[PDB]
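K.L.:
Chains as they are written, first to last, in the working numbering: chain A, 1 to 134; chain B, 1001 to 1271; chain C, 2001 to 2041; chain D, 3001 to 3046; chain E, 4001 to 4046; chain F, 5001 to 5046; chain G, 6001 to 6050; chain H, 7001 to 7082; chain I, 8001 to 8032. Could you have a look at this structure, given as structure tokens, before my questions?
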Amino acid sequence: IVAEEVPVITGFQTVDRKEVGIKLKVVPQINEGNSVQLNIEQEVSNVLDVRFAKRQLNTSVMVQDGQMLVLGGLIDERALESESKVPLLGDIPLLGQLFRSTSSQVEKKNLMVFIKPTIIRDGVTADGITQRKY
Amino acid sequence: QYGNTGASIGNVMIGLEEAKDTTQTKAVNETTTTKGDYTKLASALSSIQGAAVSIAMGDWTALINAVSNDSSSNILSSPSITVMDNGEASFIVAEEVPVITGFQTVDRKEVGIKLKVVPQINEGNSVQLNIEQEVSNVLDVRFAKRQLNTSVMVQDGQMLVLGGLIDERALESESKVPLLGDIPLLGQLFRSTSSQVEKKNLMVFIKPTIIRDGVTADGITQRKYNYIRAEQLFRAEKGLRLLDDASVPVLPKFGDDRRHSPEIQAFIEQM
Amino acid sequence: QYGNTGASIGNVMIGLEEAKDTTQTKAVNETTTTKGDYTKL
Amino acid sequence: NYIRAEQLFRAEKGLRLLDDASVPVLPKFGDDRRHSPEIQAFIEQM
Amino acid sequence: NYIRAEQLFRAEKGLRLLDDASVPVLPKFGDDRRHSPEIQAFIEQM
Amino acid sequence: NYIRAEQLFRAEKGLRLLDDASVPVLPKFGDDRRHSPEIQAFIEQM
Amino acid sequence: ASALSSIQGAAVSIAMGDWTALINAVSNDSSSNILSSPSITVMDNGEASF
Amino acid sequence: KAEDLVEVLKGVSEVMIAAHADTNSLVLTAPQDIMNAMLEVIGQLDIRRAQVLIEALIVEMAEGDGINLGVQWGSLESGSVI
Amino acid sequence: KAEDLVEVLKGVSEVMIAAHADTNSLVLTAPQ
């Protein structure tokens, strides 16, 4: 868990602490060589009367030893157009922009969640990884 | 006077009279002058969406009002969850706004896209799906949630339509004197017409894909990875305007793990 | 007037009038002057 | 293809204030994901 | 066909302020979904 | 037929401000549903 | 205003020699006609709510 | 599903029938004849399920009209109203 | 429905009658 807990009021207003951050709870078991099976519960805490976004996925995947695999994702796209006009005067091409109020919006979002296991068997492998992360 | 319209001539004329400067005279020879408040006129105009135009002719003030509200919305979100066969997976993307069910108490509930699926695989090709799918949309807050939870059987790599809605509405309304509003030429002076047309479409499709070999999972992961990496490289070509373009996070090339920053990398080679 | 926009012409004009300096006269010959608040604007 | 037709029509008369490539439109049936036209153009250069 | 008749009559004297193709009308019995007249016209061009 | 008689009498002296075809009246016994006179007239044209 | 609010009809005050005769007369003619028929289609021996 | 099938097959067996969930495979242990019977039951309970597309259609058509007209009278000097 | 039918058929049997819901098919085991 990596998180910071902001104060929460569910009621002089009462405040309740909850944690927003990245949490990963994993239970691997190893095929007697290479592929690793993962029971994974993964949650992300993001926070902006406070609204924060949490997008978790908890699944079970089977990943090869040193290769990456995509657990999850979301691809979201939005276009919200809005307009107001008199109407008739707002139809004229040249002067129409004087009588119109246009509000346009385009939102887009992408989430991918990947996982790479690595199997550490020898001590030289753990020392090799720890040495580069150090 | 009409209720279809944004604001009614009564509150508008009353507001305009309250806004005028009033004078209060006491003779014997005191005469005081005072400016009137706009709060009634402000209360009358606050609800106007459109053109409200007062044409004053011979103490008869005709208030014309006309508007055309044209709205549109287009939304695609597709959530994919990768699951072991016969295993279940939950997927939630949501943000929780505060909710008051009562100094008013607030209760947190989550609006977003959630997909809970439990596949089992026919020993080749077709996948059976027990699926519960919910979408959270939110505008004293009202949000729309349209879920469908069903059981379908989809071929391996082919798309299948779980659900949908096609909704259409036309609400017309009118008011008139009546008799004068019937005349073709001058009828539009005595009529108040409010017309509305709404339309909505929802389709929910699902595409499974069966991953058996490791080369298939690597083939899918490679394209979903290179898609984002392409997006981020494009973010780095037109970069942060106020900051150095090396500060934007970009995925390493597929399979290369971690890279030092360009400046840090340059520093490392010296030492 | 439109609701799509940030602020509507009604509140803006009302605010600008409230911001103007108002004078209150009582003849017989008192004339007072006073500055208006900006809180609506 | 019904919805895709609707969205293509949304792209022909597009967002008046924004570029018409910003309106979401379904890919042709069975083709999965496509890069934006500008992004796609960028990718070919590199 | 009773309701469809009612709706066709709604389409003959239509919305006064809006185009008469915007009023919802049931498709002829058994024909499922139809594109709008303008959208249909657009589709044939592409 | 008693109620139908009452309603036909309601249709002979009708709504003063509205058309007399707008008052609901039971169909003749056993005939189920009938289109309005104007709607019926419209249907025959198409 | 409190006295007139309840008048439905003609209330006419004829003042003659400080004796004010208030005539009041009204004829309220009302009518209502309602047909609603709900049809529910059911499997035999099965129950349906509408 | 093995869980549904094991429950059903208990009676046919009456032998042990155990449902392995994760593989969705059920383990039969019996003599030869009962085995050949339960494999012919499982063979016929394993069939593919057709799937229906339910498309409802809801039509709500409302219409309304009214005409309200009348003349009122009043004299407030000696209050007399119609 | 198998669930309704299995309940009814219990008495006729008195043999095992088991209702498979998802296929809506009932499994009969009895003599000839």
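Here a beta-carbon is modelled for each residue, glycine too, at the ideal position from N, C-alpha and C.
Using only the alpha-carbon positions, how far apart do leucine 69/A and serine 7025/H sit?
P.N.:
Within the first sequence, residue 69/A is the residue found at index 69, counting from 1. Within the eighth sequence, residue 7025/H is the residue found at index 25, counting from 1. When rounded, the distance between both Cα atoms is 27 Å.
K.L.:
Measuring only the C-alpha atoms, how far is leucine 2016/C from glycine 2036/C?
P.N.:
On the third sequence, residue 2016/C is found 16 positions in, with the first residue counted as 1. On the third sequence, residue 2036/C is found 36 positions in, with the first residue counted as 1. Distance between the alpha carbons of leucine 2016/C and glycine 2036/C: 10 Å.
K.L.:
Do you know whose CA, among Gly5014/F, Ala5021/F, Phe5042/F, lies nearest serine 6030/G's CA?
P.N.:
Residue numbering aside, residue 6030/G sits at position 30 when the seventh sequence is read from its first letter. The shortest Cα separation from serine 6030/G among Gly5014/F, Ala5021/F, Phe5042/F belongs to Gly5014/F.
K.L.:
Please identify the residue among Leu5017/F, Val5025/F, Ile5003/F whose C-alpha is closest to the C-alpha of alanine 5011/F.
P.N.:
Position 11 of the sixth sequence holds residue 5011/F. Here the closest residue by C-alpha is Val5025/F.
K.L.:
Are the beta-carbon atoms of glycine 7011/H and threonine 8023/I separated by less than 8 Å?
P.N.:
For the purposes of this step, residue 7011/H is taken as the residue at position 11 of the eighth sequence. For the purposes of this step, residue 8023/I is taken as the residue at position 23 of the ninth sequence. Against a cut-off of 8 Å, the Cβ pair of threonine 8023/I and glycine 7011/H comes out as no contact.
K.L.:
If you drop the 5 nearest sequence neighbours on each side, which residues of the same chain put their C-beta closer than 6 Å to that of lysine 1200/B?
P.N.:
In the second sequence, counting from the first residue as 1, residue 1200/B sits at position 200. Excluding residues within five positions, the ones whose Cβ falls inside 6 Å are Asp1167.
K.L.:
So which residues on chain B does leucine 4015/E lean against when the C-beta distance must stay under 8 Å?
P.N.:
Numbered from its first residue, the fifth sequence carries residue 4015/E at position 15. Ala1170, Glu1172, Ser1195, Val1197, listed in chain order.
K.L.:
Does the segment 1048-1057 of chain B come within contact of the segment 1070-1088 of chain B, defined as at least 3 CB pairs closer than 8 Å?
P.N.:
Not touching, per the Cβ criterion.
K.L.:
Would you mind giving the Cβ-Cβ distance between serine 84/A and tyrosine 2002/C, rounded to the nearest angstrom? I have them listed as a contact below 8 Å.
P.N.:
Within the first sequence, the letter at position 84 stands for residue 84/A. Within the third sequence, the letter at position 2 stands for residue 2002/C. Going by Cβ atoms, the distance from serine 84/A to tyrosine 2002/C rounds to 5 Å, so yes, they are a contact pair.
K.L.:
Grab me the residues of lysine 1207/B's own chain with a C-beta within less than 6 Å of its C-beta, minus the 5 sequence neighbours each way, in chain order.
P.N.:
For the purposes of this step, residue 1207/B is taken as the residue at position 207 of the second sequence. Cβ neighbours of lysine 1207/B beyond the five flanking positions: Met1159.
K.L.:
By alpha-carbon positions, which one of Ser1261/B, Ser1043/B, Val1106/B ends up nearest to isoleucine 9/A?
P.N.:
Here residue 9/A refers to the residue found at position 9 when the first sequence is read from its first residue. When each option's Cα is compared against that of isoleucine 9/A, the closest is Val1106/B.
K.L.:
Here's the rule I'm using: 16 or more other beta-carbon atoms within 10 Å means buried, otherwise exposed. How should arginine 17/A be labelled?
P.N.:
Taking the first sequence and counting its residues from 1, one reaches residue 17/A at position 17. It counts as exposed.
K.L.:
Of the residues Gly90/A, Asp65/A, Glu81/A, which one's Cα is nearest the Cα of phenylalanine 99/A?
P.N.:
Residue numbering aside, residue 99/A sits at position 99 when the first sequence is read from its first letter. Of the candidates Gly90/A, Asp65/A, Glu81/A, the one whose C-alpha sits nearest the C-alpha of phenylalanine 99/A is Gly90/A.
K.L.:
Can you list, in chain order, the residues of its chain whose CB lies under 7 Å from that of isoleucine 5043/F, leaving out five sequence neighbours each side?
P.N.:
Position 43 of the sixth sequence, counted from the start, is the residue given in the question as residue 5043/F. For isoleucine 5043/F, where only same-chain residues beyond five positions count, the Cβ hits under 7 Å are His5035.
K.L.:
Pop quiz: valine 8027/I and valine 7008/H are said to be a contact at Cβ under 8 Å. What is the actual Cβ separation, rounded to whole angstroms?
P.N.:
Here residue 8027/I refers to the residue found at position 27 when the ninth sequence is read from its first residue. Here residue 7008/H refers to the residue found at position 8 when the eighth sequence is read from its first residue. Indeed they touch by this definition, with Cβ atoms about 6 Å apart.
K.L.:
Which residues in chain H have a C-beta closer than 9 Å to the C-beta of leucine 5008/F? List them in chain order.
P.N.:
For this step, residue 5008/F is matched to residue 8 along the sixth sequence. Per Cβ cutoff of 9 Å: no residues; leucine 5008/F is ~21 Å from chain H at best.
K.L.:
Please tell me whether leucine 4018/E has its Cβ less than 8 Å away from any Cβ of chain H.
P.N.:
Position 18 of the fifth sequence, counted from the start, is the residue given in the question as residue 4018/E. For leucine 4018/E, the answer is no, since every Cβ of chain H falls outside 8 Å of its Cβ.
K.L.:
Would you mind telling me which residues of chain B sit closer than 8 Å to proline 4024/E, beta carbon to beta carbon, in chain order?
P.N.:
For this step, residue 4024/E is matched to residue 24 along the fifth sequence. Within 8 Å Cβ-Cβ: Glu1168, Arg1169, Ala1170.
K.L.:
Compare the C-beta of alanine 53/A with all C-beta atoms of chain B and state if any pair is closer than 8 Å.
P.N.:
Locating residue 53/A in the first sequence gives position 53, counting from the first residue. Closer than 8 Å: yes.
K.L.:
Taking the alpha carbon of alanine 3021/D as the point to measure from, which residue in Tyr3002/D, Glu3038/D, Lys3028/D, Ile3003/D has its own alpha carbon closest?
P.N.:
As a first step, residue 3021/D must be located in the fourth sequence, where it is residue number 21. Ranking the options by Cα distance to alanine 3021/D, first place goes to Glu3038/D.
K.L.:
Taking CB distances under 8 Å as the criterion, tell me whether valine 8027/I reaches chain H.
P.N.:
The residue labelled residue 8027/I in the question sits at position 27 within the ninth sequence. Chain H contact via Cβ: present.
K.L.:
Which residues of the segment 7061-7079 of chain H have a Cβ closer than 7 Å to any Cβ of chain F? Give them in chain order.
P.N.:
For the segment 7061-7079 of chain H, which is checked against every Cβ of chain F, the residues closer than 7 Å are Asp7065, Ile7067, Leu7069.
K.L.:
Along chain D, in chain order, which residues have C-beta atoms closer than 8 Å to that of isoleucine 4003/E?
P.N.:
By 1-based counting over the fifth sequence, the position of residue 4003/E is 3. Per Cβ cutoff of 8 Å: no residues; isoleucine 4003/E is ~23 Å from chain D at best.
K.L.:
Name, please, each residue of chain C whose Cβ falls closer than 7 Å to the Cβ of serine 1046/B.
P.N.:
Walking along the second sequence from the start, residue 1046/B turns up at place 46. Those are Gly2010, listed as they occur along chain C.
K.L.:
Using a threshold of 8 Å, state whether the C-beta atoms of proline 1178/B and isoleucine 7067/H are closer than that.
P.N.:
Residue numbering aside, residue 1178/B sits at position 178 when the second sequence is read from its first letter. Residue numbering aside, residue 7067/H sits at position 67 when the eighth sequence is read from its first letter. Yes, the pair counts as a contact, with Cβ atoms nearer than the cut-off.
K.L.:
Can you check DSSP and say which residues form a bridge with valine 1197/B?
P.N.:
Position 197 of the second sequence, counted from the first residue, corresponds to residue 1197/B. According to DSSP, which records beta bridges pairwise, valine 1197/B is partnered with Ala1170/B.
K.L.:
Given that a residue counts as buried once 16 or more other Cβ atoms are within 10 Å of its Cβ, and exposed if not, what is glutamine 5040/F?
P.N.:
The sequence position of residue 5040/F within the sixth sequence is 40, counting from 1. Exposed, because fewer than 16 other Cβ atoms sit within 10 Å of the Cβ of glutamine 5040/F.
K.L.:
At a Cβ threshold of 8 Å, is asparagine 6033/G touching chain F?
P.N.:
Locating residue 6033/G in the seventh sequence gives position 33, counting from the first residue. At least one chain F Cβ lies under 8 Å of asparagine 6033/G.
K.L.:
Under three-state DSSP, which class holds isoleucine 1048/B?
P.N.:
As a first step, residue 1048/B must be located in the second sequence, where it is residue number 48. Coil at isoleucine 1048/B, not helix or strand.
K.L.:
Is the beta carbon of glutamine 29/A closer than 8 Å to that of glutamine 37/A?
P.N.:
Residue mapping note: residue 37/A aligns to position 37 of the first sequence, counting from 1. Residue mapping note: residue 29/A aligns to position 29 of the first sequence, counting from 1. Contact flag set, yes.
K.L.:
Against chain B, does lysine 2026/C count as a neighbour if the rule is that its beta carbon must be under 8 Å from one of theirs?
P.N.:
For this step, residue 2026/C is matched to residue 26 along the third sequence. At least one chain B Cβ lies under 8 Å of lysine 2026/C.
K.L.:
Given this structure, state the Cα-to-Cα distance separating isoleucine 3003/D from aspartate 3032/D, to the nearest angstrom.
P.N.:
Working through the fourth sequence from its first residue, we reach residue 3003/D at position 3. Working through the fourth sequence from its first residue, we reach residue 3032/D at position 32. Straight-line Cα distance between these residues: approximately 16 Å.
K.L.:
Give the interface partners of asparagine 1201/B over in chain K, defined as CB-CB distance under 8 Å, in chain order.
P.N.:
Absent from the structure: chain K. Protein chains present are A, B, C, D, E, F, G, H and I.
K.L.:
Distance, Cα to Cα, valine 20/A vs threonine 1150/B?
P.N.:
Position 20 of the first sequence, counted from the first residue, corresponds to residue 20/A. Position 150 of the second sequence, counted from the first residue, corresponds to residue 1150/B. Whole-angstrom Cα-Cα distance: 33 Å.
K.L.:
With 8 Å as the threshold, decide whether the Cβ of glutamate 3038/D is near any Cβ in chain E.
P.N.:
For the purposes of this step, residue 3038/D is taken as residue 38 along the fourth sequence, with counting starting at 1. No, because no Cβ of chain E sits closer than 8 Å to the Cβ of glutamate 3038/D.
K.L.:
Could you name the residues of chain H that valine 6012/G contacts, counting a contact when the two beta carbons are closer than 7 Å?
P.N.:
To locate residue 6012/G, count along the seventh sequence from 1; it is residue 12. Within 7 Å Cβ-Cβ: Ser7080.
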